[PDB]
Amino acid sequence: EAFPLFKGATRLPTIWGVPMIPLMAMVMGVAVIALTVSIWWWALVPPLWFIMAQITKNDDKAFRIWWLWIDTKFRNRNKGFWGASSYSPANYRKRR
Amino acid sequence: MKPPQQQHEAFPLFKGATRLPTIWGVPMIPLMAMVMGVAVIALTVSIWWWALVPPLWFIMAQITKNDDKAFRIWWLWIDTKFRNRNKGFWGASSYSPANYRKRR
Amino acid sequence: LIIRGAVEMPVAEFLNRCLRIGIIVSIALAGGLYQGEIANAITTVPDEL
Amino acid sequence: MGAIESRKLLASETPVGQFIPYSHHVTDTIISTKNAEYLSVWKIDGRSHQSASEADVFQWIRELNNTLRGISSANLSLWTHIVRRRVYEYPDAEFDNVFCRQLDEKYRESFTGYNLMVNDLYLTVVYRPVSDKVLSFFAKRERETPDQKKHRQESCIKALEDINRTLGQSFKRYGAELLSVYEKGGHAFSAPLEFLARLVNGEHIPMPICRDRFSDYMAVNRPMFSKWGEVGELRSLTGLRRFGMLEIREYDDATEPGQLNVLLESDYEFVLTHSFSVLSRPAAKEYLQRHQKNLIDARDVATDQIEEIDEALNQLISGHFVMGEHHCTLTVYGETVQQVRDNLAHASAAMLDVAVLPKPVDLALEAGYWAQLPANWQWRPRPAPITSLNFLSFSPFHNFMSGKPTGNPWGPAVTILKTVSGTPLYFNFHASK
Amino acid sequence: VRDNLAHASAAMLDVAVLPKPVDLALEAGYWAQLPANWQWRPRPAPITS
Amino acid sequence: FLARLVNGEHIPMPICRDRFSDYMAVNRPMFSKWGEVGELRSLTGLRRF
Amino acid sequence: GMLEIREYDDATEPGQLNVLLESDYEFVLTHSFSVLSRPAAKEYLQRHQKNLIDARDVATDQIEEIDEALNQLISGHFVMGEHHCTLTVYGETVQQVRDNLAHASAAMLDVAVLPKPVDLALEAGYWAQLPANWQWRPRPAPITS
Amino acid sequence: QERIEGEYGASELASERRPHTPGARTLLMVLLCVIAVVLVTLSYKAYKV
């Protein structure tokens, strides 16, 4: 009698089976490469695009976790001094 | 007597049992053994001898299809009851209980 | 990625698929020996005739 | 020549230690192994099967599978062991009353020609640190610093101890008892080692905890296996015991609950065996996909083909069973080679009665006999993957009630009563908790 | 705390909701507990009410 | 309650003359670089989560 | 027929297997103590500890005990040596000899020692009873004094 | 001049290490051995052509 749960969960808006935001990141990166070194380099698209499709199909929301880690635990400066990433409780906003 | 029986409610058992990973219908490990053997023959006597592949390969396919795990039994026998040295002296293959590891 | 996060069959499927891709790519890249085959054809004609 | 040949033949033997994968007790309930595969033994008082509705054994299997599927790590394993045995431990009782003496002499006279044998079930849930054989192929060669060896040690001990707690809580109605070290006379006597030694020796030799690896001194009976045959022979002090192994290789379109009950009522003393090397969900799904592909590469059978494997795969993804590699080796014990063959034919008839076509093991007798000791996958003759529901249907831990002959608070059992089933009950007032 | 985490994982698996310990987004999750923080949630997956 | 979410303790939070974001955390948290567990360095004692 | 009593654990009683002094069968129970020079004992203990360390399973109930004994040897002042033990029960009927062996095995399992029956080493065992027959000892292993 | 006794120093979390599945190293090494011999033979033909 359990209330049905449908597997439309985390069926993210995907084109070709890949979410918009990370695929746009790849488009920007490959465009940068093409404009920087050589123009033959829109062949870098299909390999990494296919690997991203295989990553997304297995684990639908890997990229959100990636971005969260990159934004927070990768930016925090004094990881080495404390032995761990820490944020000061008292608000030292560099003011006096 | 009649301990619990079936009434078509029995838990299904599918025949994916011992459907071993097979290429062309033959398991990897024995087919690799045949490849090694035929390669040895080809490198040893003559190079016309990769025609020795299809006959024994087909006989191995017919063996595997009938009895899926013959080769594991073959290897187990070869490793254990064929290696044991004093089969003749005892009248049977026997392993000493006391650990005589040749030490003193 | 497969050993950390993605769907994987570690030893059988991944190694076997990598082997298939590698063998096919190696054969296809053996085409880089084109002069060998062009000479093979140009000499197959006279030897037989 | 005639003098030196003793040592020459001596030193040129393969000791049984090469085939027994055990070592020091690491925890009072867990035994190590040369490959560092810690295991524990579970003595089980299997619940009755005769006195229950047919649907209720289904319900028992449902509960048992539900508890299993929570903890069935891809690193697990199971060896059930229903060691049918005859009772030599029931001392004749002294008496003073003439009326009582007459009554007891008459009663024990009434047992001439009766199956005096008691079932003894078991379970050894094993824990390999690493599942995939391909990486373990390297791991068997590397060198590890002692501190990380210790780290693996506590990781495995904690994991297996959680498994033991869960199984204990799941066997509340099965009267299970985890076997553990007990001390006799200022020395450590192992409780599991006696069972595994019974597997090796065929007797019950009380195994002490000495200062060596158990593999060195855990076999006190020189076994002998025939060159061309299915039967063997154990040369012991108390007498020869000839054993003839057997093997299951052909299932059917059924996993009816407790189909292997017929070997409980046996007239022949044996040791059944099982194995369930729990298997990863991707690998199990691949095996089932292989069966699906093979089936669908054929004529379209109406129902056996399509919907059955539809629901099979959908359950497997939805987490309702866990496939595993399985093998069952009934080994009958006997005193003469003709009699053990007769018992083997009887057991084959019994298995064929319940639609599991058995074929006696002939070339791999020694491999099978070394495949009974828990933590031996490399010696199993025919591991064939099956559904987990199905394995728990090949070992529902059914058992006829038998009671405990000795070890009671007062001593020996008070009386022995006829049972309509046939297996005798060793009556005693003191029940368990 | 790791022992308790393994216990909680066993408990959740008992009721058929496969849990996976958060490893890369520990800090994002820990900042996703305070109400009015959607930008920090690791895995928002739509479900029926 | 929300401070209990942040701190791990029950510190009675008064209404002072600032934004709550400024003075609502009295425990310096510490998150591991590679892991799932952390540590709250407080006066009354460490709490690992 | 014979029995080889190979025991390593320190005895519980100062006389452990003295249950054999009262039994219904004859025997000649034999022990040898071929001493080891002190450096040889040190080297043996070191090699044993090393080979126990360099294994795939860690057993801290063994390594620490052996390492305790290694410098107990220097300071406890007892000198080690080789030691084999063999019990040669006599009889009249061969089945009677096997019954004697079973009785002795039980009566020594009662005292926490496990007898290992002798099957092919009997000639070596018997010719090892003579003093100065070091060569024919089946499988001696070092034992504390 | 030494760290002050009985205080909270650096974290105890830096002691954490990522465990390795004890098959990855050996088979990874052998896989790279075979792929490398393929690639070297391939560049042998590359230069030879």
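Residues numbered from 1 in each chain as written, not as in the entry; some residues may be left out. Chains lettered and ligands numbered in written order. Part of a larger assembly, values for the part shown. Heavy atoms only, no water. Residues with missing side-chain atoms left out of burial classes, pairs and counts.

The deposited coordinates for this entry were obtained by cryo-EM, with a reported resolution of 4.33 Å.

### Structural notes on the overall build of chain D
Secondary structure assignment for chain D yields 12 helices and 21 strands. Taking 2.2 N^0.38 as the reference for a compact globule, 433 residues should give roughly 22 Å; the C-alpha atoms of chain D span a radius of gyration of 23 Å, in line with that estimate. Dimensions along the principal axes, computed over C-alpha positions, put chain D at roughly 75 × 65 × 45 Å. Within chain D, counting contacts between residues at least 6 apart in sequence, those at least 24 apart form 69% of the total. (Helix = DSSP H or I, 4+ residues; strand = E, 2+ residues; numbered from the N terminus. Rg over C-alpha atoms; globule rule 2.2 N^0.38 Å. Contact = heavy atoms within 4.5 Å.)

### Quick word on the overall build of chain H
Helix and strand counts for chain H stand at 1 helix and 0 strands. Based on the C-alpha atoms only, the size of chain H along its principal axes is roughly 70 × 30 × 10 Å.

### With respect to the interface of chain D and chain B
Taken together, the contacts link 29 residues of chain D with 23 residues of chain B. Those elements that place two or more of their residues in the side of chain D that touches chain B are α1 (5-11), β10 (222-225) and β19 (384-386) of chain D. For the side of chain D that touches chain B, the element with the most residues is β10 of chain D, which contributes 4 residues. The sheet contact formed by strand β3 (residues 93-94) of chain B and β10 of chain D spans 2 bridges and is antiparallel. In the strand pairing of β10 of chain D, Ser93 of chain B is matched with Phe225 of chain D. (Pairing = 2+ DSSP bridges.)

### Observations concerning unusual backbone geometry
With phi around 70°, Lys94 of chain A is a residue other than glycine that occupies positive phi space. Tracing the sequence through the fold places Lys94 of chain A in the segment after β3 (85-86). Positive phi values are uncommon outside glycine, yet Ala375 of chain D reaches one of about 70°.

### Concerning the UniProt feature "transmembrane region" (unreviewed entry) in chain H
As annotated by UniProt and renumbered to match this structure, "transmembrane region" (unreviewed entry) occupies residues 27-47 of chain H. A distance of 30 Å separates the end C-alpha atoms of residues 27-47 of chain H, which is 100% helix and 0% strand. (UniProt positions renumbered as here; feature names shortened; annotations may be inferred.)

### Thoughts on the sheet that holds strand β1 (residues 28-31) of chain F
Taken in spatial order, the 3 strands of this open sheet run β3(A)-β1(F)-β2(F), and their pairing is antiparallel. Only two strands of the sheet have a single partner each, and these edge strands are β3 of chain A together with β2 (38-41) of chain F. Where β3 of chain A meets β1 of chain F, 2 bridges bridge the pair, whose relative direction is antiparallel. Along β1 of chain F, the bridge assignment pairs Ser86 of chain A with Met30 of chain F.

### Notes on the arrangement of the chains
Among the 12 pairs of chains in contact, the pair with the most contacts is chains B and D. No interface is formed between chain B and chain C, the nearest pair of C-alpha atoms being 9 Å apart. When C-alpha atoms are compared, chain E and chain H, though not in contact, are closest at a spacing of 11 Å.

### Observations concerning the sheet that holds β19 of chain D
Strand pairing in a sheet relies on backbone hydrogen bonds, with the paired strands running either antiparallel or parallel. All names here are of chain D. Taken in spatial order, the 3 strands of this open sheet run β15-β16-β19, and their pairing is antiparallel. At either margin of the open sheet sits one strand with a lone partner, and together these are β15 (276-278) and β19. The average angle at which neighbouring strand axes cross in this sheet is 35°, direction not considered. In terms of strand pairing, strand β16 (residues 324-326) meets β19 through 3 bridges, oriented antiparallel. When the bridges of β19 are listed, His326 appears paired with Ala384. (Axes fitted to C-alpha atoms, helices over the stretch in contact; angles between N-to-C directions.)

### Overview of the pairing of strand β3 (residues 38-43) of chain D
Residue and element names in this part refer to chain D. Direction of pairing for β3 relative to strand β6 (residues 124-127): antiparallel, over a ladder of 4 bridges. Bridge assignment links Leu39 to a residue of β6, and that residue is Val126. Pairing geometry for β3 and strand β7 (residues 177-178), over 2 bridges, is antiparallel. Paired with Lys43 across the two strands is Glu177, which belongs to β7.

### A look at the environment of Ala45 of chain E
With respect to the element layout, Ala45 of chain E can be found in the segment after α2 (26-30). Sequence separation of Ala45 of chain E and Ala11 of chain E is 34 residues, and the distance between their C-alpha atoms is 21 Å. Apart from residues no more than four positions distant in its own chain, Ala45 of chain E is found in contact with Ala9 and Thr10 of chain A.

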